[PDB]
Asker: 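Attaching a single structure in structure tokens format; questions to follow.
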Number of protein chains: 4
Amino acid sequence: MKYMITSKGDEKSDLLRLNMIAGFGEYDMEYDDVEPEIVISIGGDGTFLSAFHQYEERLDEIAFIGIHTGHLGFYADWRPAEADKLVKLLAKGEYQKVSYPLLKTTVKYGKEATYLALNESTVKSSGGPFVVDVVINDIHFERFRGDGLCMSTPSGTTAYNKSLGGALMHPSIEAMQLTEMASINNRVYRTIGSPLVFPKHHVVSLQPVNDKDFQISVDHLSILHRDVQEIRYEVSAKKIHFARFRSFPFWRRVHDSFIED
Amino acid sequence: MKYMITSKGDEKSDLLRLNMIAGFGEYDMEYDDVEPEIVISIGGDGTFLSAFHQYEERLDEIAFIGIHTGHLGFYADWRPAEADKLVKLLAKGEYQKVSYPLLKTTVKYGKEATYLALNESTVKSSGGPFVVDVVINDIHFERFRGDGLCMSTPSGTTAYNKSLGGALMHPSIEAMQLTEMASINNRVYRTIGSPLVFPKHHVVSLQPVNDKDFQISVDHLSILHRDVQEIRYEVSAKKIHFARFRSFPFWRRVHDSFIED
Amino acid sequence: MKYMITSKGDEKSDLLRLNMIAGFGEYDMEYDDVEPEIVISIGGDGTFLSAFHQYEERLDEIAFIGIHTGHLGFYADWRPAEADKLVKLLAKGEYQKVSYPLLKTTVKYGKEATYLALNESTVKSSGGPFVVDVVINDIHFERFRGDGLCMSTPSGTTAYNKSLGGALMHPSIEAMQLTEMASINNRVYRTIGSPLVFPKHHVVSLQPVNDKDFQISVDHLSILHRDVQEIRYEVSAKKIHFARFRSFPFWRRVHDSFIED
Amino acid sequence: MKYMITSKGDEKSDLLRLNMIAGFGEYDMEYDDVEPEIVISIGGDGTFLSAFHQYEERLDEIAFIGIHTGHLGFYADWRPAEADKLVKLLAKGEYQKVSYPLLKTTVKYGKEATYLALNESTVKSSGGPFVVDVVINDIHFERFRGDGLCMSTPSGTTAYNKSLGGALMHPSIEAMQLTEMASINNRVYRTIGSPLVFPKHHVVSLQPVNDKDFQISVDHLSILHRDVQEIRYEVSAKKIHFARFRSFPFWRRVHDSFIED
Ligand SMILES: Nc1ncnc2c1ncn2[C@@H]1O[C@H](CNCC#Cc2nc3c(N)ncnc3n2[C@@H]2O[C@H](CO)[C@@H](O)[C@H]2O)[C@@H](O)[C@H]1O
Ligand SMILES: Nc1ncnc2c1ncn2[C@@H]1O[C@H](CNCC#Cc2nc3c(N)ncnc3n2[C@@H]2O[C@H](CO)[C@@H](O)[C@H]2O)[C@@H](O)[C@H]1O
Ligand SMILES: Nc1ncnc2c1ncn2[C@@H]1O[C@H](CNCC#Cc2nc3c(N)ncnc3n2[C@@H]2O[C@H](CO)[C@@H](O)[C@H]2O)[C@@H](O)[C@H]1O
Ligand SMILES: Nc1ncnc2c1ncn2[C@@H]1O[C@H](CNCC#Cc2nc3c(N)ncnc3n2[C@@H]2O[C@H](CO)[C@@H](O)[C@H]2O)[C@@H](O)[C@H]1O
């Protein structure tokens with residue numbers, strides 16, 4: 001069908017992209033980077049993140065495939081030497097699609113803005129101290145003071161969430177995980193400490209206490225938001241779809257990336 | 001209907017039990033500790049754990065209620081002063097049932113035995129070093145050496161799982177979480193470190209490397225198992241049913257128990 | 001002798017300062033904020049930090065005293081109601097001095113600058129990724145990638161160092177502790193993870209890998225340093241001197257601030 | 001001088017021992033396992049621990065040397081291929097001695113017993129719950145409930161202490177570090193959480209609350225002590241002496257064992 005290929009931009013990924021385009025020309029495969037039905041990312045996980053946000057408005061009509069020219073990524077889980085076998089299998093079709101949950105972030109002001117995250121979304125202060133009240137389904141849970149907070153998708157738990165002590169989470173679970181960044185706990189400040197895992201339709205809201213400026217990240221994107229009234233996290237109704245051609249289980253991918261390959 | 005009441009055995013819980021039995025005598029409520037349809041636990045979370053394992057073979061025909069005479073427990077979430085209002089509401093019926101997932105543990109030998117856990121199940125060594133190979137859905141994930149491993153239900157994540165760095169997990173999520181107890185990580189030993197969260201139908205198997213004797217705990221029960229060949233963890237098809245009369249959300253219960261009440 | 005008093009600037013601390021000045025006027029006590037021999041800080045730990053850096057060039061000729069108008073601080077360990085008893089005891093003299101170690105930070109460019117820290121000094125990136133090589137006594141120990149690194153004094157271990165998992169450390173130990181901020185550990189990145197505690201004359205040097213811009217903090221001060229070639233940490237030869245009038249042990253102060261008071 | 005050699009007992013270490021004995025016979029070196037002045041340990045760190053406790057009553061008249069037949073140990077820091085160069089250098093003498101601090105453990109009953117630890121000493125319960133009051137220099141610091149507590153020497157911080165989140169500590173620092181094993185922290189139980197580092201002459205005392213039976217470990221030794229009234233930890237006045245022939249810094253040894261070799 002219609003397809004497009006993005007590249008890390010280095011010498012290896014560019015020519016792998018040109019070789020796959022040539023191989024696709026031998027089939028009923030049309031290159032289209034406007035309405036593709038298959039998006040191939042050649043590079044690292046950062047390259048795949050850019051490809052996802054490049055087409056985050058047609059997620060239900062797109063199947064993503066990642067090819068790792070460097071090391072094995074959690075999203076780019078195809079080796080470069082298997083590119084030709086991928087072209088053939090991709091041209092035929094009749095493959096199985098696999099869907100991972102995504103994180104919806106809403107930032108209200110005093111017109112709201114929404115973002116979609118594949119890894120996570122984090123909130124930090126704009127210079128001074130970071131203090132927010134954490135509200136869960138309209139119930140005040142805690143007043144957090146520290147460096148910041150991180151809300152991760154299931155597939156994002158092996159990323160920033162992992163470095164913050166968060167738990168690793170299978171992507172078949174439609175949920176999101178909240179982790180602390182250097183929370184203060186003394187006589188006057190108290191947080192839960194533990195990571196929190198929230199199911200679908202649970203809404204975690206962050207509300208300012210004094211400063212209303214926050215540095216909000218969505219995957220690699222990081223924007224300074226001013227006059228913030230609320231930051232709302234919830235599992236998105238949208239999901240990302242991967243084209244899967246062989247069995248590469250999540251825990252196997254975890255083992256290869258962190259234990260040994 | 002048919003009901004029974006268990007007690008912590010102290011002076012306060014025994015007389016609260018006798019007062020509720022008397023109040024139940026004014027309704028169409030029959031006391032039966034053989035085939036009860038409502039099981040009332042008066043005491044702490046340990047008292048509720050004993051009540052659960054006391055009737056773990058009729059979980060689908062029983063609704064549990066916990067009353068905390070000491071402090072607020074995650075399972076005993078009714079105050080003693082609300083006992084009479086509980087009797088009346090319980091006698092009428094037409095209440096809503098709430099179900100939490102449970103953990104199935106299977107211990108094979110060289111005849112297998114199965115156990116049901118409401119909080120967690122843990123494995124430790126019988127004296128010497130603890131070394132097990134961790135297999136996930138027939139895939140070897142890691143060789144663990146340390147003090148032990150803990151597999152927690154969602155409602156158990158606020159218990160032993162919490163003290164081991166595990167994440168707190170909403171009980172609507174049908175899953176189980178594995179946490180490490182003092183794992184060794186050097187040049188020759190490597191573990192994931194992070195807690196792992198497994199969905200339904202995922203089977204985590206522990207297999208001995210040298211010593212085949214393990215101290216296996218299931219909630220408060222702790223038995224020394226000899227000649228062990230495998231320990232299988234998976235989310236149980238069985239679920240525990242709570243009788244719920246008012247809104248007491250899980251995160252609110254977490255806030256009251258750990259942040260402030 | 002010569003003395004000065006600094007204030008948090010709020011209504012309570014200003015008038016407590018004026019009352020102590022008046023009480024000092026009844027003794028052979030001269031107010032001098034240029035060459036004081038006793039520096040009294042009225043406010044929080046942040047107020048005491050400002051008083052320390054206000055006179056960091058005459059530390060060997062100054063004894064510090066902290067009065068906490070808000071809550072008990074680790075440095076402001078005198079209650080406001082004990083101000084008059086403090087005036088009398090301070091006027092007589094013949095008190096015992098207590099010394100805590102300090103952290104020396106050196107930032108070299110391509111003219112070096114030195115800083116003195118009572119709590120800690122931290123390094124973060126200027127926007128992008130933070131990657132530094134960690135060198136210990138001219139030996140390359142690790143390549144760190146993450147949010148940043150924190151080097152704490154003994155008295156600073158109960159502060160930022162504590163929130164990062166660092167160990168609490170008695171101030172009689174002349175040493176410094178290094179803790180990680182969200183380190184990346186996968187197939188390509190490896191750090192020690194554990195906090196490191198360094199004795200006197202050990203030099204920990206941070207060296208850039210790509211980006212040479214770093215946000216370097218020294219207690220409350222935080223400056224963006226450009227064209228950085230090296231950041232050198234070592235236990236300072238300088239020490240801060242506290243005027244001590246009664247037994248208030250460090251672990252007791254830890255118990256009151258974190259366990260209960 | 002007088003010397004002795006202990007062996008792991010496997011085929012490789014036994015013959016390396018016999019070869020060094022033969023090489024020692026060509027010098028003024030007398031084999032004596034009763035009053036040796038040089039103790040050579042061939043095996044792992046466990047073999048070295050046994051050699052230390054084998055001669056813990058003549059530590060001031062003994063210099064220890066570790067040879068690692070398996071992997072590099074923190075105490076056995078000599079490769080087997082360097083055995084002959086070690087014989088020659090050891091026969092000549094005039095080498096530099098290096099001393100590490102040790103941990104003194106005292107267990108009182110209702111006749112006290114004292115132990116010496118090179119790695120650490122830990123306390124756990126005898127079956128039920130572990131609850132102790134922690135007293136620091138006669139001041140009650142906390143009531144600990146959990147799995148247990150670990151008190152580590154500086155050289156022991158890279159061992160069990162490391163797996164419990166403790167900080168790594170240079171052995172030139174005469175001190176001891178206390179770490180928690182799965183502490184309970186809720187509405188009724190509160191511990192410091194962070195590891196604690198204690199200087200010389202600080203006495204940490206553990207006192208029972210209910211159960212007076214404890215499983216107390218001292219390095220590899222683990223004994224069930226009954227009718228316990230107190231467990232006293234303090235930095236020992238005794239120190240272990242290593243024979244050092246070349247520069248092998250502690251942090252370099254840490255890097256090789258945990259980062260890469
Ligand atoms: N202090 C931090 N610690 C940990 N992580 C951080 C931090 N700061 C930011 N980040 C992560 O940086 C991401 C952006 N950069 C591209 C990517 C990625 C990635 N995604 C995953 C994943 N889902 N699972 C396992 N590894 C992953 N990586 C791998 O992240 C590593 C770092 O970039 C590379 O090794 C990727 O290959 C952010 O989104 C956040 O997650
Ligand atoms: N080193 C340990 N650290 C933490 N925990 C441990 C440990 N060792 C064992 N355990 C837990 O001991 C349980 C058995 N005892 C009755 C109970 C309970 C309980 N269940 C929960 C829950 N689900 N959520 C929040 N708190 C809970 N408790 C509360 O546990 C506290 C301790 O008993 C009391 O404060 C209960 O009130 C085991 O099952 C395991 O979980
Ligand atoms: N994410 C962070 N987490 C923890 N900490 C951080 C963080 N970010 C920054 N910081 C600390 O902020 C300090 C600057 N602000 C004044 C102070 C202080 C202080 N010093 C100590 C101390 N030595 N021991 C115990 N508590 C202390 N405080 C108490 O810090 C709390 C916060 O300000 C107040 O409760 C003080 O009372 C920095 O220096 C760094 O340490
Ligand atoms: N759950 C646990 N987690 C961590 N550790 C534990 C645990 N349970 C017990 N232990 C440690 O077991 C020691 C007894 N066994 C011989 C040894 C040793 C040793 N000493 C050190 C050291 N000083 N620094 C770095 N590594 C060291 N080892 C290395 O410990 C590893 C395990 O035995 C091997 O890799 C040795 O080589 C105890 O003393 C305690 O420390």
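Numbers restart at 1 for each chain; the letters A, B, ... are given by sequence-line order, proteins then strands. Heavy-atom basis, side chains included; hydrogens, waters and symmetry copies ignored.
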Asker: How close do C:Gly165 and C:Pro195 get, counting heavy atoms only, and between which atoms?
Answerer: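 Between these two residues, the closest heavy atoms are O-CG, 4.0 Å.
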Asker: If you draw a 6.0 Å radius around NZ in B:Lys239, do more than 12 non-hydrogen atoms from other residues or ligands fall strictly inside?
Answerer: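 Correct, the count exceeds 12.
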Asker: Any side-chain donor paired with an acceptor under 3.5 Å for C:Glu180 and C:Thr191?
Answerer: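 Note: C:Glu180 and C:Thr191 side chains meet the donor-acceptor criterion.
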Asker: Please list, chain by chain and in numerical order, all residues satisfying side-chain hydrogen bond (donor to acceptor under 3.5 Å, both in side chains) with B:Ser155, sequence neighbours excluded.
Answerer: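 Scan of B:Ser155 (side-chain hydrogen bond (donor to acceptor under 3.5 Å, both in side chains), adjacent residues dropped) gives B:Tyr75, B:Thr153.
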Asker: Answer whether the closest heavy-atom distance between the side chains of D:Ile192 and C:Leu168 falls below 4.5 Å.
Answerer: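 D:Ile192 vs C:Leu168: side chains touch.
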Asker: Does either side chain, that of B:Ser152 or that of B:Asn119, offer a donor lying less than 3.5 Å from an acceptor on the other one?
Answerer: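 No, B:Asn119 and B:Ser152 have no side-chain donor paired with an acceptor closer than 3.5 Å.
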Asker: State, to 0.1 Å, how close D:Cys150 and D:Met181 come at their nearest heavy-atom pair, and which atoms those are.
Answerer: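 Looking at all heavy atoms of both residues, the closest pair is CB-CE, 3.6 Å.
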Asker: Under the salt bridge (charged side-chain N to carboxylate O under 4.0 Å, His left out) definition, can you give me all pairs with a residue in residues 154-164 of chain B, not counting sequence neighbours?
Answerer: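 Qualifying pairs: none.
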Asker: Do the side chains of D:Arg187 and B:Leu72 get nearer than 4.5 Å, heavy atoms only?
Answerer: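 Heavy-atom side-chain distance check passes, below 4.5 Å.
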Asker: Does atom NE2 (B:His220) have a neighbourhood of more than 12 heavy atoms from anything else shown, all under 6.0 Å?
Answerer: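 Buried by this count: over 12 neighbours within 6.0 Å.
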Asker: Evaluate B:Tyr160 against B:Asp219 for side-chain hydrogen bond (donor to acceptor under 3.5 Å, both in side chains), listing each step before the verdict.
Answerer: CA-CA 9 Å; B:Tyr160 204 170; B:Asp219 298 336; over 6 Å; no
Asker: B:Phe52 and B:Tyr100: aromatic ring centres closer than 6.0 Å?
Answerer: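 No; B:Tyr100 has its ring centre 6.0 Å or more from that of B:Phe52.
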Asker: Look up atom CZ in B:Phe144 and atom OH in B:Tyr189, then write down how far apart they are to the nearest 0.5 Å.
Answerer: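 B:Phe144 CZ to B:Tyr189 OH: 11.0 Å, rounded to 0.5 Å.
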Asker: Side chains of B:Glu230 and B:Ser205: donor-acceptor distance under 3.5 Å anywhere?
Answerer: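 A donor-acceptor contact under 3.5 Å links the two side chains.
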Asker: Rounded at 0.5 Å granularity, tell me how far CG in B:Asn137 sits from CD in B:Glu234.
Answerer: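 Atom-to-atom, B:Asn137:CG and B:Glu234:CD are 10.0 Å apart.
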Asker: Measure the spacing between CZ of B:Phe74 and CG of D:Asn186 and express it to the nearest 0.5 Å.
Answerer: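 Between atom CZ of B:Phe74 and atom CG of D:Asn186 there are 9.0 Å.
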Asker: Can you list the steps and then say if B:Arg143 with B:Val131 is a side-chain contact (heavy atoms from CB on, under 4.5 Å)?
Answerer: CA-CA 7 Å; B:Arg143 172 160 290 184; B:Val131 183; 4.1 Å; yes
Asker: Begin with the C-alpha distance, continue with both residues' side-chain angles, and end with the deciding distance and a verdict on side-chain contact (heavy atoms from CB on, under 4.5 Å) for B:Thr6 and B:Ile42.
Answerer: CA-CA 6 Å; B:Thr6 175; B:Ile42 304 187; over 6 Å; no
Asker: If you look at every heavy atom in B:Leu149 and B:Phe130, which pair is closest and at what distance?
Answerer: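 For B:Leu149 versus B:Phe130, the nearest heavy atoms are N-CE2, 4.2 Å.
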Asker: Residues two or more places apart in sequence or in another chain: which of them pass side-chain hydrogen bond (donor to acceptor under 3.5 Å, both in side chains) with B:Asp261?
Answerer: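 Scan of B:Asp261 (side-chain hydrogen bond (donor to acceptor under 3.5 Å, both in side chains), adjacent residues dropped) gives none.
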Asker: How about B:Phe214 and B:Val132: do any of their side-chain heavy atoms sit closer than 4.5 Å?
Answerer: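 Contact flag for B:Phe214/B:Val132 side chains = yes.
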Asker: Is any side-chain heavy atom of B:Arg226 closer than 4.5 Å to a side-chain heavy atom of B:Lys212?
Answerer: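 Sidechains of B:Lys212 and B:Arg226: no contact.
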Asker: Given D:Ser217 and D:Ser222, is the side-chain hydrogen bond (donor to acceptor under 3.5 Å, both in side chains) satisfied, shown in steps?
Answerer: CA-CA 4 Å; D:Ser217 79; D:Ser222 179; 5.8 Å; no
Asker: Do the side chain of A:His255 and the main chain of A:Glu260 share a donor and acceptor less than 3.5 angstrom apart?
Answerer: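 Indeed, once roles are kept as given, a pair shorter than 3.5 Å links the two residues.
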Asker: Tell me, do B:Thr158 and B:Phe250 make a side-chain contact under 4.5 Å, heavy atoms counted?
Answerer: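 Yes, their side chains come closer than 4.5 Å.
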Asker: If you look at every heavy atom in D:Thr157 and D:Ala167, which pair is closest and at what distance?
Answerer: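 Reported closest heavy-atom pair: CB-O, 3.3 Å.
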Asker: Taking A:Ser121 for its side chain and A:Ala117 for its backbone only, find out whether a donor-acceptor pair lies under 3.5 Å.
Answerer: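 Not at all, since once roles are kept as given, no pair shorter than 3.5 Å links the two residues.
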Asker: Quick check on the 6.0 Å ring-centre criterion: do B:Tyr233 and B:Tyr115 meet it?
Answerer: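 Ring-ring flag for B:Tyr233/B:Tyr115: false, centres at least 6.0 Å apart.
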Asker: Is the shortest side-chain heavy-atom distance between B:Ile216 and B:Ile223 below 4.5 Å?
Answerer: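 Result no, sub-4.5 Å side-chain heavy-atom pair not found.
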Asker: Could I get the full list of salt bridge (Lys or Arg N to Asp or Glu O under 4.0 Å) partners for A:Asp256, not counting sequence neighbours?
Answerer: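 Counting only residues at least two positions away or on another chain, A:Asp256 forms no salt bridge (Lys or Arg N to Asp or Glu O under 4.0 Å).
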Asker: Could you grab the distance from atom CD1 of B:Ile240 to atom CD1 of B:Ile62, nearest 0.5 Å is fine?
Answerer: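 It comes to 9.5 Å.
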Asker: For a quick test of reading the model, state the closest non-hydrogen atom pair linking C:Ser163 to A:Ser183 and the distance between them.
Answerer: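 Closest heavy-atom pair between C:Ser163 and A:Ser183: OG-O, 2.9 Å.
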Asker: Determine whether D:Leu206 and D:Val123 satisfy the following criterion, side-chain contact (heavy atoms from CB on, under 4.5 Å), listing intermediate values before the conclusion.
Answerer: CA-CA 9 Å; D:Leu206 305 189; D:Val123 188; 4.0 Å; yes
Asker: Using the rule given for salt bridge (charged side-chain N to carboxylate O under 4.0 Å, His left out), can you reason through B:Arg253 versus B:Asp77, listing the C-alpha separation, both sets of side-chain angles and the distance that settles it, and then say yes or no?
Answerer: CA-CA 8 Å; B:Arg253 180 163 29 208; B:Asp77 55 2; 2.4 Å; yes
Asker: Would you call the rings of A:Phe198 and B:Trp251 parallel, tilted or perpendicular, where under 30° means parallel and over 60° means perpendicular?
Answerer: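 Taking B:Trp251 first and then A:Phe198, their aromatic rings sit tilted (interplane angle of 30° to 60°).
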Asker: Going by the rule side-chain hydrogen bond (donor to acceptor under 3.5 Å, both in side chains), which residues pair with A:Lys200 if we only count those two or more places apart in sequence or in a different chain?
Answerer: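 Applying side-chain hydrogen bond (donor to acceptor under 3.5 Å, both in side chains) to A:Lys200 gives A:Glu174.
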Asker: Taking the six-membered ring for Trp, are B:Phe48 and B:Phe242 parallel (under 30°), tilted (30 to 60°) or perpendicular (over 60°)?
Answerer: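 Rings of B:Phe48 and B:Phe242: parallel, as their planes differ by under 30°.
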Asker: If we count only N and O atoms by modelled type, under 3.5 Å, do the side chains of D:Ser125 and D:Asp211 hold a donor and an acceptor together?
Answerer: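 No pair is found: no donor N or O on one side chain lies under 3.5 Å from an acceptor on the other.
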Asker: Looking at CD of B:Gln96 and NE2 of B:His241, how far apart are the two atoms once the value is rounded to the nearest 0.5 Å?
Answerer: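 If we round to the nearest 0.5 Å, B:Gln96:CD and B:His241:NE2 are 14.5 Å apart.
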Asker: Set out, in order, the CA-CA distance, both residues' side-chain angles and the distance that settles side-chain contact (heavy atoms from CB on, under 4.5 Å) for B:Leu116 and B:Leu103, then state yes or no.
Answerer: CA-CA 6 Å; B:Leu116 215 46; B:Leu103 172 70; over 6 Å; no
Asker: What's the separation between atom CD in D:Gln177 and atom CG in D:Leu164, rounded to the nearest 0.5 Å?
Answerer: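 Rounded to the nearest 0.5 Å, the CD-CG separation comes out at 9.5 Å.
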Asker: So do the side chains of B:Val204 and B:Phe141 get within less than 4.5 Å of each other, counting heavy atoms only?
Answerer: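 No, side chains not in contact.
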Asker: Any heavy-atom pair between the side chains of B:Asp213 and B:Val228 that's under 4.5 Å?
Answerer: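 SC-SC contact between B:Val228 and B:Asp213 ruled out.
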Asker: Counting only heavy atoms not in B:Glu57, do more than 12 fall under 6.0 Å of its CD?
Answerer: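 No - once you tally the heavy atoms of other residues, nucleotides and ligands closer than 6.0 Å, there are 12 at most.
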Asker: Taking only residues two or more places apart in sequence, or in another chain, which ones meet A:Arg190 in a salt bridge (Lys or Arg N to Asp or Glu O under 4.0 Å)?
Answerer: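 A:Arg190 satisfies salt bridge (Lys or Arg N to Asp or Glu O under 4.0 Å) with no other residue.
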Asker: Could you tell me which non-hydrogen atom of B:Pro154 sits nearest to which non-hydrogen atom of B:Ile173, and how far apart they are?
Answerer: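 Scanning both residues completely, I find the closest heavy atoms to be CG-O, 3.2 Å.
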